[PDB]
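What follows is a set of notes on a single structure, which appears directly below.
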Amino acid sequence: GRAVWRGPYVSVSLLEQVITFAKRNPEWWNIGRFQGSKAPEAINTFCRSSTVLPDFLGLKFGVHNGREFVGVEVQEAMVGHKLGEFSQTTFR
Amino acid sequence: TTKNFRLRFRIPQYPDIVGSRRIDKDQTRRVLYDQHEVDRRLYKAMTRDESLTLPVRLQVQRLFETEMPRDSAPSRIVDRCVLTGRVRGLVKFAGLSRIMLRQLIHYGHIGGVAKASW
Amino acid sequence: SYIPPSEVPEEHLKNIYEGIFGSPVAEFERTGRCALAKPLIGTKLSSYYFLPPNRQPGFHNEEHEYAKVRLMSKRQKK
Amino acid sequence: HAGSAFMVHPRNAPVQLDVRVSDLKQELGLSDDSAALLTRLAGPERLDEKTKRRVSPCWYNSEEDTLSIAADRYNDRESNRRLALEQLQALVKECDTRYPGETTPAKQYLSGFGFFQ
Amino acid sequence: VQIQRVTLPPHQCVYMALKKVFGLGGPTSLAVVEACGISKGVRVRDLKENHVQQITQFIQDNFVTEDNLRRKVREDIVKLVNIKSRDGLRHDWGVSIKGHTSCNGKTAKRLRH
RNA sequence: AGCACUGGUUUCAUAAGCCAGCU
RNA sequence: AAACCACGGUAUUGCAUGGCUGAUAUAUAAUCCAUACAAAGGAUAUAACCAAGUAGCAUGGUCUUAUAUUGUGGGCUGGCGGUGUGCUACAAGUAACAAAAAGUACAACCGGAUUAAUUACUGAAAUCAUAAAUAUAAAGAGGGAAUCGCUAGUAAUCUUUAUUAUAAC
Ligand SMILES: [K+]
Ligand SMILES: [K+]
Ligand SMILES: [Mg+2]
Ligand SMILES: [Mg+2]
Ligand SMILES: [Mg+2]
Ligand SMILES: [Mg+2]
Ligand SMILES: [Mg+2]
Ligand SMILES: [Mg+2]
Ligand SMILES: [Mg+2]
Ligand SMILES: [Mg+2]
Ligand SMILES: [Mg+2]
Ligand SMILES: [Mg+2]
Ligand SMILES: [Mg+2]
């Protein structure tokens, strides 16, 4: 994968989406997210190649798969992977 | 109304007029890459310089997207035949597709190139 | 003390040599010099296609003339 | 060449400088130690095995007893000659300082200039 | 002679015999014997009780062995299945994880978990 | 088990013939 | 993007056509490789029945402002069956390892597939690219009916180069 000494990749567009979300919901971002409350809304994105951050913990992401935005709620075990690994593009 | 005529060449070396497809768009990408070549090299050096603290290197990484378009990336440029625009079967040293190159060689329009046997 | 020329460390010789003629770049360095040492190819790429001007001053446009003959050689449309 | 009016051939710029060590020692009055140090600094030519292309700017040939310097940094023929001449003087200054030797009119002439460094 | 409850053939060299332990191979087996002062010329039948004890103690302190190693690998696979990533689904389905395996994927089919 | 079936092989191709697998 | 404008189309008819090509292949040659201190073998060229093939390109008829031109992501790689062309092996130890204790290991520890953790490299971007290393150590003990290549520097077997961001069996 990407060389560890060069760091991760995260898209700039994804960061802007999260920053706007935090401003809209300051109370949940600071306190609610850690007591266990669910996110008040979801963030739709096309950034399937971005890495999942633990600051994205309790966040709900709608990841595009070609047709719709598949909901993905971040868990601790999903840390370190790409958003595109949890949104399937083919169906049988 | 407005018109955009297809790119065609009439040359005495070929009995028929030669048309091409999709050369203008690739020329636009080549110009954009040259426009942003200097900045790209500077940021490549900084992002692969181990002497810098990464919290600075991460911020430099974000400049590849905010300060230049995606179409200035050198990896998205392809080589097309200068006469027909065909991508597959290109002969790089001449810049022409194998279909055009073979016929021109037969009539001696390519300097120094002739049939071989051994 | 007198140090014979045949007993000088190679490190000092290398520093003198590279201090005058420059330091070469190794295959895999992390100093950010490989990017700046590669030649620029911006002009070589943007002068690849054969794109002569559509209208050359003082000459006829053979492609335009070719099209006009084609229209006259067949029946008109609509 | 046929394309001379459209592009400048890349091989017009490079220049090379050759000097015989025996004559150089006599002219500047270099001592035996200084000459030995100069040969060690130059060393044999190094050619990469991938392309068999010389990569050593300076090298010494024992059969011909010749010290050679190649200069191709710049795009101009003359700018490379100025670069090559300066580098040759730098080598002489370093070797002479470590192992001073006899004084000759050439050495005195260079000393007044300061070896142009 | 048995180490980690694996019987070592008597006529084979010690560093060759230790490969039968799940979790030790050629390069690592040679390291263990040499760390204990055993060269390549020593055979299993030439070992003594003290030599066996030194090897057993060294292995337990440095390497993960049969039962613990198998558990660790399985837990790694199970985590992917629960995460429901692309690789996890392939493990659950019993097929290879490579992109194009509609023509040759037999080995992954007979080595399911 | 096996007849039968199933997949092939042969032929320009169908059929026939042939070979395995399987119940 | 073009002004007494030459719109565009990977839309259709290869059974309306141009050009180019597959398809008989002996024999011959003021042609090419090699040759100069004694030789052998090849390459290239040589007019076709087949309504054979043809969204590279050009063209008659028909269709279409737009069946045009464009942005982001996804697909061409798709949980199943059949099968063509290749590579790597195993019967046969004439194997395997190797820097010879004139050797080392084993008695198909021959074979190197699959998967887990880790790191490097290229690139704006690497889960669905490549390489190395540690662990894991699968099928395979010479293969039915049937079928293919070749007749000497040939088959067989071994190494290397080129087309050529990363990426050849
Ligand atoms: K041969
Ligand atoms: K192959
Ligand atoms: Mg083992
Ligand atoms: Mg279209
Ligand atoms: Mg036809
Ligand atoms: Mg037909
Ligand atoms: Mg055909
Ligand atoms: Mg796209
Ligand atoms: Mg395909
Ligand atoms: Mg064998
Ligand atoms: Mg082996
Ligand atoms: Mg055998
Ligand atoms: Mg077996």
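Chains as they are written, first to last, in the deposited numbering: chain Bs, 6 to 97; chain Bn, 1 to 118; chain By, 57 to 134; chain BA, 301 to 417; chain Bm, 2 to 114. Just so it is clear, CB atoms sit at the ideal spot from N, CA and C, and this is done for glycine as well.
Chain-order list of chain By residues neighbouring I17 of chain Bn: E119, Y122, by C-beta distance under 8 Å.
Each of BA:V315, BA:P314, BA:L330, BA:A313 was checked against the Cα of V321 of chain BA, and the nearest Cα belongs to BA:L330.
Taken in chain order, the members of the region 28-53 of chain Bn whose beta-carbon sits within less than 8 Å of a beta-carbon on chain Bs are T47, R48, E50. Using beta-carbon distances, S79 of chain By does not count as an interface residue toward chain Bn, since no partner is under 9 Å.
Taken atom to atom, the span from the alpha-carbon of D16 of chain Bn to that of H106 of chain Bn is near 16 Å.
Residue range 67-84 is occupied by the alpha helix (DSSP H) that includes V74 of chain Bm. DSSP lists Bm:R44 as the bridge partner or partners of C14 of chain Bm. For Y33 of chain Bn, the secondary structure class from DSSP, reduced to helix, strand or coil, is helix. As DSSP reads the structure, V7 of chain Bm sits in a beta bridge with Bm:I4. Below the 7 Å Cβ cutoff, chain Bn contributes no neighbours of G85 of chain Bs, its closest Cβ being approximately 16 Å away. Taken through DSSP and simplified to helix, strand or coil, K99 of chain Bm comes out as coil.
With a cut-off of 8 Å, the C-beta of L25 of chain Bm is classified as near ligand 3, since at least one heavy atom of the ligand falls inside that distance. By the Cβ criterion, the region 50-69 of chain Bm is in contact with the region 29-42 of chain Bm, since at least three pairs of Cβ atoms, one from each stretch, lie closer than 8 Å. For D333 of chain BA, at least one C-beta of chain By is nearer than 9 Å to its own C-beta. Within chain By, no C-beta atom comes less than 8 Å from the C-beta of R98 of chain Bn; the nearest is roughly 18 Å away. Contact between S30 of chain Bm and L19 of chain Bm is confirmed by a C-beta separation of about 4 Å, below the 8 Å threshold. Using beta-carbon distances, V321 of chain BA does not count as an interface residue toward chain By, since no partner is under 9 Å.
As DSSP reads the structure, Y360 of chain BA sits in a beta bridge with BA:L367.
The beta carbon of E349 of chain BA sits no closer than 9 Å to any beta carbon of chain By.
Rounded to the nearest angstrom, the gap between the Cα atoms of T56 of chain Bs and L64 of chain Bs is 14 Å. Here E327 of chain BA carries a helix assignment [DSSP, helix/strand/coil]. The three-state reading of DSSP puts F413 of chain BA in helix, counting H, G and I together. In this structure, DSSP gives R91 of chain Bm a helical state, which the three-state scheme calls helix. With fewer than 16 other Cβ atoms inside 10 Å of its own Cβ, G100 of chain Bm counts as exposed. Under the 9 Å criterion on CB atoms, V57 of chain Bs is classed as non-interfacial with respect to chain Bn.
Less than 9 Å divides the Cβ of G98 of chain By from the Cβ of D34 of chain Bn.
Under the Cβ distance rule, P65 of chain By does not count among the residues neighbouring chain BA, no pair being separated by less than 9 Å. Residue environment for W33 of chain Bs: buried (at least 16 other C-beta atoms within 10 angstroms of its C-beta). The beta carbon of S117 of chain Bn sits no closer than 8 Å to any heavy atom of ligand 3. No Cβ-Cβ contact shorter than 9 Å links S97 of chain Bm with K80 of chain Bm.
The straight-line gap separating the alpha-carbon atoms of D71 of chain Bn and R29 of chain Bn is approximately 6 Å.
Within the model, the alpha-carbon separation for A370 of chain BA versus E363 of chain BA is close to 19 Å. Counting only residues of its own chain and dropping the five nearest sequence neighbours on each side, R7 of chain Bs has a CB closer than 8 Å to the CB of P13, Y14.
Residue burial is scored here from C-beta neighbours: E90 of chain Bs has at least 16 other C-beta atoms within 10 angstroms and is therefore classed as buried. Between the alpha carbons of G95 of chain Bn and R22 of chain Bn lies a distance of about 16 Å.
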